[PDB]
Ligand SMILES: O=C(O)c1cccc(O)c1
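We begin with a single chain expressed as structure tokens, specifically the form deposited without the ligand.
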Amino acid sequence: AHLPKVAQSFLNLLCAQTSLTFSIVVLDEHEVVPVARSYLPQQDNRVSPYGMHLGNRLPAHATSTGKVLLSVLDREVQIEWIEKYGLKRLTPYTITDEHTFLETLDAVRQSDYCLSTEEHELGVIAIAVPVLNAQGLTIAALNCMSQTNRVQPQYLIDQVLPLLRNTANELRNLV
């Protein structure tokens, strides 16, 4: 796996500057799976939410990374994905309606980020951007997850998102 090796330093730099934990994530049928995580042993916050350790699996329809990665699929393939896997309720805030979900995928595709608040676990908020290769294929998603009582969405939008775009742009030529 070449993707984990290139990105490790970049994830560490994001953590060094924000103190949050960041991961790089791939889509595996209907779940998202981290293949790399930031790790700064001198300040490692072990109170981070579930889903960024290696081997963690989270539902794609209820995560920022999952929506980013589904948003690049053809609309028909999206329909087929929803009909196969469904949109099961995880929290009161999970998107469970097909029309709203497709609307969300379209906006995520157009906006190039997704901010998701408590849709797979209460108290957890996340923002994610796609990782493109040099050709423009979406190969992964780069994200940031935290507890809602530790980070405002304004901070994720105003401070974290610009740094994720900068990293993604540099990864583009290396992956």
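So that there is no doubt, residue numbering starts at 1 and follows the sequence shown.
The following text describes the form solved in complex with the ligand, which does not appear among the structures shown.
Contact with the ligand in the deposited bound form, judged as any non-hydrogen atom within 4.5 angstroms, is confined among 103-111, 143-151, 129-137, 35-43 to 143-151. At a distance threshold of 4.5 angstroms between non-hydrogen atoms, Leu58 is in contact with the ligand in the deposited bound form. In the deposited bound form, no heavy atom of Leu27 sits within 4.5 Å of the ligand.
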